[PDB]
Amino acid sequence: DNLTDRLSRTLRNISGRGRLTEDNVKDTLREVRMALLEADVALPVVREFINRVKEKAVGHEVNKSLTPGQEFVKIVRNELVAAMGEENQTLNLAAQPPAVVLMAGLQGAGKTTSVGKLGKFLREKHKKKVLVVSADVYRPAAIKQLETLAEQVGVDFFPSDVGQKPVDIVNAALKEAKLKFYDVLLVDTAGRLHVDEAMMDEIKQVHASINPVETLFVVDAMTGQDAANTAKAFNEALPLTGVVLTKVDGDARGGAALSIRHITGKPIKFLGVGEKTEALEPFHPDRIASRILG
């Protein structure tokens, strides 16, 4: 990423210094603010991050250590993690089976792909008997896409077709999920390229009839700051439990990851890091912060 190089260079010079002047701390923070802003991180997030470092990096606290540069570096890390999220947020599949995970996103965010990815993760790493279904009757080849995905990853597919109504489709799928003791039902959805009441009304009807335990917004990382604004929109119309940030491999900037948790107020739970089925990665903020700073 270009954020990783910029921050790592700015921090590296400070680490060696055995004492940091207040001007030295202020100058380094201005360079950090520019790097995050250049990475499409939202100003509300950058502003709060810089203020939190400044308060904790007062020279008295930083200069007390024998490695003041090191102490400053590791404040920046701690506050980056705080912005990206709280520890690891997982899906609650511990409630009454079947566990319904309803997935939303605008078209091309990668929700259908992510449906597959998640089903492989739940069966392989959690030994969950999984069933998936598609309420995207607007594109026919889409339903097939899920079907093909479901066999590559080894979950079960509940069939649907163009003529039928999304509410009827998920009601059938839950009924069936109960009858064969499935652990989770993942429910794919249609996307409209914009968060419009047309899209929200359909999701909220599905959502209402099927009481999902997790509502996951799939958002595309290479839309940068829009990802947070798009998810803040869906969240305002129908509350989210988690976000899946897809196409992280190609962004090369970041910012959606730093921005989503604080703009939306809900966590990034998963992270799409490849076109392949294996490329789903639970979101651990500590690991991401470490990579950004080296």
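All residue numbers are counted from 1 along the displayed sequence.
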## Note on the structure
Comparing mean C-alpha B factor in the record for 31 to 39 and 245 to 253, the higher one is 245 to 253
### Task
Select between 170 to 178 and 132 to 140 the stretch whose C-alpha atoms have the higher average B-factor in the entry.
132 to 140
### Summary
Top Cα B-factor in this entry, restricted to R192, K125, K117, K165, sits on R192
### Out of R47, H262, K64, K269, residue topping the C-alpha B-factor column of the entry
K64
#### Entry: For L20, the third of its chain into which the C-alpha B factor falls
highest
### Query
Lowest, middle or highest third: where is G85 by Cα B-factor in its chain?
highest
### Query
So where's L146 on the chain's Cα temperature factor ranking, which third?
middle
### Query
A279: which third of its chain by C-alpha temperature factor?
middle
#### Entry: For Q96, the third of its chain into which the C-alpha B factor falls
highest
